[PDB]
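Enquirer: Task: produce atomic coordinates for the following.
(4 chains)
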Amino acid sequence: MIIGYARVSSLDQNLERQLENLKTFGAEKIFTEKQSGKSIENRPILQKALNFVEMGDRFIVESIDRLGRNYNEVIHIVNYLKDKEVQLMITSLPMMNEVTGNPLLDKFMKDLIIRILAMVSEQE
Amino acid sequence: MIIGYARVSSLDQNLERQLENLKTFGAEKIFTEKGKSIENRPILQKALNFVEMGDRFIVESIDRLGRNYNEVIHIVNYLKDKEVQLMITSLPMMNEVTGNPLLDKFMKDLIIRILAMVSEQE
Amino acid sequence: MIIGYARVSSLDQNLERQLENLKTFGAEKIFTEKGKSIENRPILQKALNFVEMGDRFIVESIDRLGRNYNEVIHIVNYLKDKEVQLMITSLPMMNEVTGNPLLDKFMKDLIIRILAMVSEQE
Amino acid sequence: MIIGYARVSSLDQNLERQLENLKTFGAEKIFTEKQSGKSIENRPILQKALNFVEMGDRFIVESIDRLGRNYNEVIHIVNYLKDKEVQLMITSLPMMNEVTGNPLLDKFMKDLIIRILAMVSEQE
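Expert: Numbering: from 1, shown residues only, chains lettered A, B, ... in the order given. And now the structure:
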């Protein structure tokens, strides 16, 4: 199935938009959490979302920065979903998971994209 | 329209495939030439003067277009200024990898520049 | 010689640090200005006309130089054509990351272009 | 200590140069192997080198392509040495492991560099 994860530091942030995007992109359930993306230890809801998703499911977020603002922890999460065979989609990067007969590059794209964004998120 | 470009420095290369891959994606014309520089490649210059706004310049791979990081970037810049959409047959969909127009441009620049440094050091 | 550049669009920013970080690395002069475009930034233009071959144009970060992917790349191109070594105080050693002159150039282009797309979308 | 690994498909390749570079860069022992970099399963010498190196040691190669021509297997090896706390150096990229007060980027550099090169090696 399709699980989404939404995070905002404050309520003044457009949380409705985020939830609508996740829904629009097929979110069945959305684990919503009001917390900073600096660390995962203080984000039990994320731990629930990651534990709930299972082989075959889809885990969606609007952006990497929503998943976290910690390069190390973010990359750790991206590999967790791979190993668990859960597909990570980013609604702002809808075609990132699309196939183009070059498994090498495609995989290499994600690795680059995700690592760039995971860093950016942390530096900000 | 759609325009292609092919190159083979020597006498022993599968030039037929190169011409057939361009035709596959819809190459209407092909400026075939027989990549260390552009000064000694007029067939390329002709292919660049032909293409105008709205057209699509295509190669099989960036190494065909040239084996010089400096020159290969200068030409991709040329095609852009001229509003000619560059496409690689071996790397289709390079335009929109994610959907975000911001990263699409960035990656396009990135992959091209990877391919260019490879084309040179080889 | 060594030349710096600083910018602050508004009235509430730690402009002192920005001027002190440039001085730290050896900024002899600083063209301070008060980044959505360059047409409305002459102090930058003056900093670019001053720098000549052999000089070193420095900023604190690429976002200072401008918040436009298109324009930020055009200026780094300008500095290169003019043989002016661009350096970022917050990212020193960006020049030689590995030692291989081939990757150094590639990465330089890469990090800059990452920083540029960030400076814009922010 | 400093262990090096040298590989060549054929003897017509300048193996002496490779060995001299490894030595010059401090190679104490050099596991030399005459084999393709397409796979590791058919490279028992590499398996010996990787098993021999231990926490604190250094594992050096002239280039990534020497380590392999398989993006997946290469990345698998780079993480193996990390987890084992063995420092991977590339004599053609001597300053790649150098420190520059930006642990974020530095790590992000390697991830990019290594992933670029690992791909290039495979595609060639």
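
Enquirer: Show me the helices in chain A, by range?
Expert: For chain A, the helices defined by DSSP state H occupy A:15-24, A:44-52, A:64-67, A:71-83, A:103-123.

Enquirer: Show me how far the first one is from its chain's centre.
Expert: Taking C-alpha atoms, centre = their mean, to the nearest Å, the mean C-alpha location of helix A:15-24 is offset from the chain mean by 14 Å.

Enquirer: Repeat that for the third one.
Expert: Helix A:64-67 sits 6 Å away from the centroid of its parent chain (C-alpha atoms, centre = their mean).

Enquirer: Just confirm yes or no for it near chain B.
Expert: No. Judged by C-beta under 8 Å from any C-beta of the partner chain, helix A:64-67 stays clear of chain B, getting no closer than 11.4 Å. Where C-beta positions appear, they are placed from N, C-alpha and C, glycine not excepted.

Enquirer: hmm, who's touching that helix?
Expert: Defining contact as C-beta atoms under 8 Å, 6 or more residues apart in numbering or on different chains, one finds that helix A:64-67 is touched by A:5-7, A:18, A:37, A:46, A:61, A:74, A:77, A:90, A:114, A:117-118, A:120-121, A:124.

Enquirer: Weed out the non-buried ones from those residues.
Expert: Neighbour counting with 16 or more other C-beta atoms under 10 Å in any protein chain shown marks A:5-7, A:18, A:37, A:46, A:61, A:74, A:77, A:90, A:114, A:117-118, A:120-121 as buried within the contacts of helix A:64-67.

Enquirer: Please identify the deepest-packed of the helices of chain A.
Expert: Mean neighbours per residue, mean count of other C-beta atoms under 10 Å in any protein chain shown, is largest over those for helix A:64-67, with a mean of 24.

Enquirer: where does chain A come near chain D, residue by residue?
Expert: So chain A meets chain D at A:71, A:104-105, A:107-108, A:111-112, A:115-116, A:119, A:122-123 (C-beta under 8 Å from any C-beta).

Enquirer: can you narrow these to ones near chain C?
Expert: On the criterion C-beta under 8 Å from any C-beta, residue A:116 are the entries of the residues of chain A next to chain D that sit beside chain C.

Enquirer: what's the farthest-apart pair in the residues of chain A next to chain D?
Expert: Largest separation among the residues of chain A next to chain D by C-beta to C-beta: A:104 and A:123, giving 28.7 Å.

Enquirer: Residue A:60 touches residue A:28, doesn't it?
Expert: No. Using C-beta atoms under 8 Å, residue A:60 is not in contact with residue A:28, being 9.9 Å away.

Enquirer: Could you pull out the residues contacting both of the two?
Expert: Common contacts of residue A:60 and residue A:28 (C-beta under 8 Å, 6+ apart): A:2-4.

Enquirer: who wins for most neighbours among those residues?
Expert: Within the shared contacts of residue A:60 and residue A:28, residue A:4 tops the neighbour count with 26 neighbours, counted by other C-beta atoms under 10 Å in any protein chain shown.

Enquirer: Could you give the bridge partners of it?
Expert: Per DSSP bridges, the residues bridged to residue A:4 are residue A:30, residue A:60.

Enquirer: give the contact list for it.
Expert: A:22-23, A:25, A:27-31, A:59-61.

Enquirer: Chain C versus that one, what's the distance?
Expert: Using C-beta to the nearest C-beta, to the nearest Å, one gets 22 Å for the distance from residue A:4 to chain C.

Enquirer: Repeat that for residue A:105.
Expert: According to C-beta to the nearest C-beta, residue A:105 and chain C sit 16 Å apart.

Enquirer: thinking that residue is in contact with residue D:119, fair?
Expert: Yes. Using C-beta under 8 Å, residue A:105 makes contact with residue D:119 at a distance of 7.3 Å.

Enquirer: any idea how far chain D is from the most far-flung residue of chain A relative to its centre?
Expert: Ranked by distance from the centre of chain A (C-alpha atoms, centre = their mean), the top residue is residue A:101, with 24.5 Å. For residue A:101, the distance to chain D (C-beta to the nearest C-beta) stands at 14 Å.

Enquirer: With residue A:47 instead?
Expert: 23 Å.

Enquirer: what do you get for residue A:97?
Expert: Taken as C-beta to the nearest C-beta, the span from residue A:97 to chain D is 18 Å.

Enquirer: Can you give me every residue that contacts that residue?
Expert: Neighbouring residues of residue A:97 by C-beta under 8 Å, 6+ apart: A:87-89, A:110.

Enquirer: try 10 Å this time
Expert: Contact partners of residue A:97, counting by C-beta atoms under 10 Å, 6 or more residues apart in numbering or on different chains, are A:58, A:87-90, A:106, A:109-110, B:98.

Enquirer: swap in residue A:29?
Expert: Residues near residue A:29 by C-beta under 10 Å, 6+ apart: A:1-5, A:22, A:49, A:52.

Enquirer: Wondering if stretch A:103-117 reaches chain B at all.
Expert: Yes. Legend: contact between stretch A:103-117 and chain B by C-beta under 10 Å from any C-beta of the partner chain is shown at A:105-106, A:108-110, A:112-113, A:116-117.
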